[PDB]
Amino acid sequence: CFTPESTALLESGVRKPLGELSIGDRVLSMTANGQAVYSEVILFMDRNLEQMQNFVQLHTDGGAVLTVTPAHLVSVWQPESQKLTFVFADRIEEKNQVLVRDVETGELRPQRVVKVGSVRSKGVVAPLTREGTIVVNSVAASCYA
C-alpha cells in the first residue's frame, strides 16, 4: 500500500491523492516493458484512511520520494543487464535504480535511489489498475503488495 497523501497522475494531466482516487480514474501506469501508459483503476485492494502503518521511503536522485509498505513490489532497473525486475520495497537499497517519470518527456527513466528511510503514518491505499502497475509520486511500482 501507499499513503492517502501519495499521488497518482491522471491522464488529464493532474496529480490526485490516492485517498481521493476513484475507480474508473485513468492513472499513469507502466507496461511490462517499462513504458508509461494510462490505465483505469478497477478497484482498491486496501483502502483504510485511518489504519496506522509502517512505510519505506525511497528517495531518488531527482527528488522523488515514494512512500510504500515493506511488502509492496517496486520496479528496479538493472543498468548493466538492461533488466527490469520487481523487488519488495524493504529489500531496496541505495544505489539500486527505480523508474521515475521525466517531466519534459513524460517517459519513465531510471534514477538512483539516494536514500532509504522509514515513517509510520495513518491510512493505507492500494489501487489496482488494469495494467497491474501504477506510478505513484512519479515512481513506477507494481499494484501488488
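Throughout, we count residues from 1 along the sequence that is shown.
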{"query": "Higher-scoring stretch by recorded Cα B factor average, 77 to 85 or 97 to 105", "finding": "77 to 85"}
{"query": "Stretch with the higher entry mean CA B-factor, where the candidates are 8 to 16 and 125 to 133", "finding": "8 to 16"}
{"query": "Selection from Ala36, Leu49, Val65, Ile42 [criterion: highest C-alpha temperature factor in the record]", "finding": "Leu49"}
{"query": "Lowest, middle or highest third - CA B-factor, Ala32", "finding": "middle"}
{"query": "Ranked C-alpha temperature factor of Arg120 among modelled chain residues, by third", "finding": "highest"}
{"query": "Record-listed C-alpha B factor of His59: chain third", "finding": "middle"}
{"query": "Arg112 - which third its CA temperature factor falls in, relative to the rest of the chain", "finding": "middle"}
